[PDB]
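Structure first, commentary second.
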Amino acid sequence: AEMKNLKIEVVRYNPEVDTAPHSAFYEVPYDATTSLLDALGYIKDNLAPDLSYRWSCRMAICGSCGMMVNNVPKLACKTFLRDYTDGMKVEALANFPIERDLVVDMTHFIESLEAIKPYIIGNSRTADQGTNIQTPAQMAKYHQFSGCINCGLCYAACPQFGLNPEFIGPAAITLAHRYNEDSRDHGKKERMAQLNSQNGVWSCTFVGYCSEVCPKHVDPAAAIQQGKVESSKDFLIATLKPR
Amino acid sequence: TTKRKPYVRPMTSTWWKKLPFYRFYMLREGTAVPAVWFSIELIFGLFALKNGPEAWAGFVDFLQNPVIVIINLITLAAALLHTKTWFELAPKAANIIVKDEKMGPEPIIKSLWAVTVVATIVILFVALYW
Amino acid sequence: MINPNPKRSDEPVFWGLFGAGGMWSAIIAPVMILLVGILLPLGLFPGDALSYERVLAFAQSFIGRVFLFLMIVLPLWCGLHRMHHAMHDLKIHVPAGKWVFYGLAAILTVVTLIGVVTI
Amino acid sequence: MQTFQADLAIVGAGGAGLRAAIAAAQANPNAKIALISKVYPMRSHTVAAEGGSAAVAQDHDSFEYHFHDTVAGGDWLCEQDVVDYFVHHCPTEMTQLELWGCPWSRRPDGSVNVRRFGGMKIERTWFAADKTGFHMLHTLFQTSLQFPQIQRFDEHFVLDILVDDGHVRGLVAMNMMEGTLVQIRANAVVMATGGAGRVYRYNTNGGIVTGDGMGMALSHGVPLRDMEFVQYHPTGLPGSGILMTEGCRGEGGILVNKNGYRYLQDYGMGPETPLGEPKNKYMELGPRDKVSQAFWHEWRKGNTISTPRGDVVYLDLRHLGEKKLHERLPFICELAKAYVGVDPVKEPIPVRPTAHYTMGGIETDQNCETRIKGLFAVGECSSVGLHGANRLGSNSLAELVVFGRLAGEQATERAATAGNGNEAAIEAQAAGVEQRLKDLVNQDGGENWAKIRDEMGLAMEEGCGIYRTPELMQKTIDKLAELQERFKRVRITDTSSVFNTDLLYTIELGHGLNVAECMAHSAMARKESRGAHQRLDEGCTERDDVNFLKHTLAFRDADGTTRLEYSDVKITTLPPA
Ligand SMILES: Cc1cc2nc3c(=O)[nH]c(=O)nc-3n(C[C@H](O)[C@H](O)[C@H](O)COP(=O)(O)OP(=O)(O)OC[C@H]3O[C@@H](n4cnc5c(N)ncnc54)[C@H](O)[C@@H]3O)c2cc1C
Ligand SMILES: O=C([O-])CC(=O)C(=O)O
Ligand code: SF4
Ligand code: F3S
Ligand code: FES
């Protein structure tokens, strides 16, 4: 039983050599199991050792496989060859500058994520005292939003980040919202600065596509909108301050 | 003197035509144009309504134009799409926890849709029965 | 970096109105487009129910005065707000859109508010 | 090269590294801390853990019970004064994590829930759903952002460390994007590089896990300790080696053969326990070792099912039902659905024992310090003396936060009273690392790095598996020696500077090969069967406290040969019979 072979279009780019990205074609043997990651391995192993890509966990939990498959943000290890029998094209993750082959500049993401102060703030409790008390009901508030693995697929999916690369982005807003709604956190006021910004929640027109692409079913769109409601509250409660 | 040239892809004014999701989003946003058009139409109505029988009868004649009817038929479908979509999105603003679980959105989506139906009737009843 | 001290966006106000306008239009727009748009002009309604006389009677009453206002005003703020970002979405550049659209909205609002106080 | 000044440097941004980084920025608010990782911190393998973290919490528990569970669990190859320290600092560390906003799963009263892992009598495994590792690391990483004192060198590959006059003085690392060399001069260095499972063909580990940190330690005459002890996990998907948590068997899931016989009863793990009631230590909750071994026993009988990906046994979870499935084990469902195409409510899951954890590692003392002053190793890449011959399920994450704290604290003390080394001697060290790198780049021989890699995996999986014979151990030692030679004939075709993976994966392979030879020799030498090390040959089938109550120390000499030494095992309160 000789495995079925597949033509794969992979968009390469070398800053030293290439003026602009150009497609390249690779024939990979595949079966029902073969993930794009698997295939990407075969390339570097057998045909193009000069190929460079991001991967690690292999079980879609680390978030590094961020790439575009046929104009869709996907994880390389959750993308399966059997599903692309008609044809398949692989460019690097969208809305980020392409540094080399399938590796993109992730700085903006990291910076955004950082800017929203994502850590327990103002809780004066200490370890010798015992853990905080938080009910299952109290966790439910942020829990789903806490499951983001930082793949950045949301960013490639969101058109507003395309049009505006200063927009802090779905992932980064979600993470802020996650700490806001955590009962343990008393730093809400520190985060609202970035959230209330034009480059914050308000750059989102609710295209909602980020949520569709989310590998971990986080639904960032909901965070952003609850963010909008929360920002508006703060805008009012700020305007009503004569003091 | 970094050896890197970070290649930035341009974004066309037509980024949306490619993916069907983007298309729908655009079309959904596009519901505003007729939604505003209707409000214009109502201003005409309101205004010609204050100017006695002559103006109003001529305004009802304007709506009687074959094209304007077609336009309004499109305007209805437009606002219907807006409603359908709007209701799918409104719940996502709510963060209610019931029995240790984040709720939504079907309970809201249904609730809202019901209110639309009760309104539709009450209004059609008020407008037509007397 | 990213801007440590960013300006608070003034967008909440406009999004608020859009939120109410979207909600009004969502619920009460379909039936109305039916009444004014289709039923009235095509004569498909019983007797004198949408006749000049009866409409005027309703529009002039306070309940009607308020209703007509909101039914015209709220869908505008929702609608024009949506169009404003649609310009940006189409990559089409319009000078002082912020002032243009919300201006237009304010203008019409005023025109509407005047209409409902009898011209 | 571009030289950076730091007060201390940490290699790795996993649980361990991050806990160290945080600890040191707290221990001293004024110091400059260089955190180095070859992936963005959140990608560290720590991110992949599901089962949870062990810490004493229930009122009927005691630190002694957790002490005794660990020592017996490591077959008395544990440094007992280390275990005692470990057990006692667990509840502080998990509590501190919770305080930093780790979403631990809770009892309805709002206190933190626990479950049972690694056959521990009294349940002490704290857990955030089934994604404990993702949560820990993301909380640890996110927390660390609040401390400015930590300067991060993200996606920097550390080549070598800088040593003069028996003291560490810094490290050389490539900037992965720029492809440009960088000196970081730190008067104390922490190794948080994690395990080296990747040298096995079939494993549960992420790509990053290539054992570079161990390789660097080897190069400076620091011994690797207890290397032959490689922990296999009973239940991994075939051909990917992707982990199915113990949670599955802890929720009362079953393991059956081609006949659908719950075979575990025949291997000393009788009697069969009714589907609803899963008793600890019996059948599917039985001792890890015996469970993994049970598969091998079944394999020779022709009882194991045959699939294109390999010979498997079935993890039947059908009888669990969707209500508890999606509440307790939801992530497991997704994997099965995707990676083996099996719906865990409709179908049974193929599982095969798979290489999972490195009990071995860089020899450290109780402060995490190595034979080289200023050089620390923490977490999986280290051998603190905690796990001995076999790790206790759910003790690894805990180790990270407990000793990561200690290592960060300890390295701050050492760096603050270190004084200055010989500047001319140090800079000359970096010159070598640079030249040594160039020498590799030029190296010609038309050998594919990948095929050498592929072969090393196979040798390990066949010669250093659950059951080990002299012949196959030897075969593996031979093969590795051959591959060491072939490595000198590798030619790296990509000579580009911008994120050159070809070069980097090849370097990684080098360490891999060295380290594998440490595992292999250690195994061959230990003529007994303790913990993960199980020999079938006559006279080595049983444990030997008489001759082998000692730590295996593997050195790599300059001539390239793997020489072994032995060290005593320290006891406090619990000697063996
Ligand atoms: C699937 C799975 C599930 C697990 N579940 C549990 C569990 O439930 N409970 C438990 O207690 N344990 C569990 N473990 C084991 C435990 O997670 C690991 O032992 C632990 O996470 C190791 O973390 P670490 O800090 O030592 O390093 P890692 O998390 O492995 O990170 C290593 C770091 O070193 C860096 N690095 C490596 N080489 C280089 C180099 N050359 N240059 C620069 N940087 C380098 C890497 O980038 C990375 O940041 C699990 C393991 C696996 C594989
Ligand atoms: O083996 C361990 O220590 C825990 C683990 O990976 C699991 O969840 O089964
Ligand atoms: S929200 Fe989803 S898409 Fe976006 S980074 Fe996080 S995990 Fe990736
Ligand atoms: S796709 Fe972009 S526009 Fe908002 S809903 Fe998601 S962030
Ligand atoms: S490889 Fe870790 S996210 Fe896909």
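Brief remarks follow.
- Net charge in the neighbourhood of D:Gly119 (other residues with Cβ under 14 Å of its Cβ; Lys, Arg +1, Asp, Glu -1) is +4.
- Across the protein assembly as shown the C-alpha pair distances fall into 10 Å bins from zero in the proportions 2, 10, 18, 21, 19, 12, 8, 5, 3, 2, 0, 0 percent.
- Chain D: relative contact order in percent, alpha carbon pairs under 8 Å with at least 6 residues between: 21 percent
- All-pairs alpha carbon distance profile, the stretch D:237-352, 5 Å steps from 0, percent: 2, 12, 24, 26, 20, 13, 3, 0
- When restricted to Cα atoms, the stretch D:75-125 yields an Rg and a Dmax of 13.4, 40 Å, respectively.
- Expressed per residue, the C-alpha convex hull volume of the stretch D:404-481 stands at 200 Å³.
- Between 0 and 90 degrees, the angle of helix D:395-416 with respect to the longest Cα principal axis of chain D falls at about 20 degrees.
- Value of Rg to Rh for chain B (Rh from inverse mean 1/r over Cα pairs, i.e. Kirkwood): 1.17
- Within chain B: Cβ-based charge dipole about Cα centre, in debye rounded to nearest 20 (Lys, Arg +1; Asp, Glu -1): 1240 debye
- If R0 is taken as 41 Å, the Cβ-Cβ distance between D:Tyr261 and D:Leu574 corresponds to a FRET efficiency of 0.60.
- All-pairs alpha carbon distance profile, the stretch C:43-100, 5 Å steps from 0, percent: 4, 15, 15, 13, 12, 10, 9, 9, 9, 3, 0
- Candidate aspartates and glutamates for bridging to A:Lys117, where Cα separation is under 14 Å - those fewer than 8 sequence places away on the same chain excluded: A:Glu181, A:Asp182, A:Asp185, A:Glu190
- Ratio of Rg to Rh over the stretch A:106-243 (Cα coordinates, Kirkwood Rh, two decimals): 0.99
- As a length-normalised measure over Cα pairs under 8 Å and 6 or more apart, the relative contact order of the stretch D:125-236 settles at 13 percent.
- Each other residue within a Cβ distance under 14 Å of D:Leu472 adds +1 if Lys or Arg and -1 if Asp or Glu, for a net charge of -2.
- Highest mean packing comes first when the peptides A:206-212, D:255-261 are listed by Cβ atoms within 10 Å, giving A:206-212, D:255-261.
- Partners of B:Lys99 within straight-line reach, counting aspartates and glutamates whose Cα lies under 17 Å from its Cα and excluding those fewer than 8 residues away in the same chain: D:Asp109, D:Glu327.
- Listed residue pairs exceeding 18 Å between alpha carbons, taken from A:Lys188/A:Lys233; D:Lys131/D:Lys279; D:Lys279/D:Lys323; A:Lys141/B:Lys102; D:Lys131/D:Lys324; A:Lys4/D:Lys346: D:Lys131/D:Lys279; D:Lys279/D:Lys323; A:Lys4/D:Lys346
- DSSP finds beta bridges in chain A, and of those with both partners inside it, around 90 percent are antiparallel.
- Sorted by Cβ density within 10 Å, fewest first, the residues D:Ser383, D:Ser62, D:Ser44, D:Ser105: D:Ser62, D:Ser105, D:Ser383, D:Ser44
- Stokes-Einstein diffusion for the stretch D:138-202, with the hydrodynamic radius set to the Kirkwood value over Cα pairs and evaluated at 4 °C in a medium of 1.567 mPa s, equals 91 µm²/s.
- Net charge of Cβ neighbours under 9 Å - reference D:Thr245; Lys, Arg +1; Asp, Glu -1: -2
- Among D:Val515, A:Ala238, D:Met174 - extreme Cα towards positive end, dipole of the protein assembly as shown, charges at beta-carbon: A:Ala238
- Chain A: angle of helix A:170-180 to the longest principal axis, Cα-based, in degrees nearest 10: 30 degrees
- Averaged over A:60-68, number of beta-carbon atoms from partner chains that fall within 10 Å: 5
- Helical contribution to [θ] at 222 nm, DSSP H n ≥ 4, -39,500 (n - 2.57), averaged over chain D, rounded to 500: -11000 deg cm²/dmol
- DSSP-defined antiparallel bridges as percent of all bridges, chain D, nearest 5: 65 percent
- Exercise: per-residue mean of other protein chain Cβ atoms within 10 Å, A:98-105: 6
- Take the Cα of C:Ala106, step 7 Å toward its Cβ, do the same at B:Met11, and the gap between the two points is 2.9 nm.
- Shape descriptor for chain C: Rg over Rh equals 1.11 (Cα atoms; Rh from the Kirkwood inverse mean 1/r).
- Span from the the stretch B:7-25 Cα centroid across to the the stretch D:492-513 one, whole angstrom: 37 Å
- Antiparallel DSSP beta bridges within the protein assembly as shown, percent to nearest 5: 70 percent
- In chain C, the DSSP-assigned H stretches of four residues or longer account for a calculated mean residue ellipticity at 222 nm of -22500 deg cm²/dmol, using -39500 (n - 2.57) per stretch and the full residue count as denominator.
- Our summary gives chain C a relative contact order of 34 percent, counting only alpha carbon pairs under 8 angstrom and 6 or more residues apart.
- Debye log10 I(q)/I(0) for the stretch D:307-387, one point scatterer per Cα, at q = 0.19 Å⁻¹: -0.78
- Projected-area average for the stretch A:2-105 over all orientations - Cα convex hull basis, square nanometres: 6.5 nm²
- Peptides C:23-29, D:19-25 ranked from most to least packed, by the mean per-residue count of other Cβ atoms within 10 Å: D:19-25, C:23-29.
- Net charge dipole size for the stretch D:287-336 [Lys, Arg +1 and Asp, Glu -1 on Cβ; Debye, nearest 20]: 140 debye
- A Förster radius of 56 Å, combined with the Cβ-Cβ distance separating D:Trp299 from B:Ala77, puts the computed FRET efficiency at roughly 0.30.
- Gap separating the Cα centres of the stretch D:66-86 and the stretch D:156-190, nearest whole Å: 34 Å
- For chain D, the average shadow cast by the Cα convex hull is 25.3 nm², which is a quarter of the hull's surface.
- The residue among D:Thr143, D:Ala25, A:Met3 whose Cα reaches farthest toward the positive pole of the charge dipole of the protein assembly as shown, with charges on the beta-carbon of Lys, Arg, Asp and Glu, is D:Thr143.
- Test item: Cα-centred dipole of the protein assembly as shown, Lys/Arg +1 and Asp/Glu -1 on Cβ, debye: 2620 debye
- Peptide D:100-110 shows a mean partner chain C-beta count of 6 within 10 Å per residue C-beta.
- Helix-only [θ]222 nm of chain A, DSSP H runs n ≥ 4, -39500 (n - 2.57) each, per residue, nearest 500: -8500 deg cm²/dmol
Quick note: the coordinates plus some simple rules give every number you see, no bench work behind them. Because the Cβ atoms are built from the backbone with ideal geometry, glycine has one as well, and the counts that use them run over all protein chains shown.
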